[PDB]
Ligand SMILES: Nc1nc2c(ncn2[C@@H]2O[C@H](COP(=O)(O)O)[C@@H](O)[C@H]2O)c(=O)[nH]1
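Have a look below at one chain only, the form solved without guanosine-5'-monophosphate (5GP), in structure tokens format.
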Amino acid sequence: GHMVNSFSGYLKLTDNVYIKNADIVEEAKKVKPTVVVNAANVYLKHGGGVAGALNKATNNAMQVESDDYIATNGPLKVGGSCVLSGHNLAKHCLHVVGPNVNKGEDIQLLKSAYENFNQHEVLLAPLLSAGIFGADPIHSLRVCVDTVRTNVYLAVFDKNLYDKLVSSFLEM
């Protein structure tokens, strides 16, 4: 009934990593997690992917807040994060920058990116550096599982990708 961080329909991969075929925006709206993770760039310019979807669900409040934050502080580091408002989706949004391997950024920074998750007991998150950032999503899930020690609920939008991640994980 009425709780916050109530996750449902996740496959338990390990003691602390869960995965679901779901839209992270729809999950955030239902669950109202303490922390939702944004797949951000260093400029917190929420064009496309997860960032575009989260911002649109806040009616652009996330972009307004992000514009103010970056004008004040300057860009993040690749592999870095910042905690900003979760607006109407969550208590907080953890903006995490994975490497963009399509722009020749170092894949090693994906581990740094996931390390940010360890400062929060429970997160709703997407797979970092997958899609337009061009990392292999199987590799991103492996780095997540090997790096994150806190409770992470992964939302994978694409049915085929979800099925491929689960089959490859539970047969290794």
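Numbers for residues come from their place in the sequence shown, where the first is 1.
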query	finding
Average Cα temperature factor in the PDB entry - higher stretch of 101-109, 123-131	101-109
Which of 46-54 and 113-121 has higher mean CA B factor, as the PDB entry lists it	46-54
Ranked C-alpha temperature factor of residue 68 among modelled chain residues, by third	highest
Residue 26, C-alpha B-factor rank within chain (lowest, middle or highest third)	middle
Third assignment of residue 141 from its chain's C-alpha B-factors	middle
B-factor third for the C-alpha atom of residue 150 within its chain	lowest
Chain thirds of CA B-factor: placement of residue 20	lowest
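The next section is about a form of this same protein that is not shown, the form solved in complex with guanosine-5'-monophosphate (5GP).
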| item | value |
| --- | --- |
| Pocket open vs blocked [guanosine-5'-monophosphate (5GP) transferred in the entry with it bound by site C-alpha superposition; 2.4 Å, backbone or C-beta, 3 atoms] | blocked |
| guanosine-5'-monophosphate (5GP) contact at residue 64 in the entry with it bound, heavy atom, 4.5 Å | no |
| Residue 107: touches guanosine-5'-monophosphate (5GP) in the entry with it bound, heavy atom cutoff 4.5 angstroms | no |
| Close approach of residue 41 to guanosine-5'-monophosphate (5GP) in the entry with it bound, 4.5 Å, heavy atom | yes |
| Contact label in the entry with it bound: residue 113 to guanosine-5'-monophosphate (5GP), heavy atom within 4.5 Å | no |
| Within 121-145, the residues that have a heavy atom no more than 4.5 Å from guanosine-5'-monophosphate (5GP) in the entry with it bound | 132, 133 |
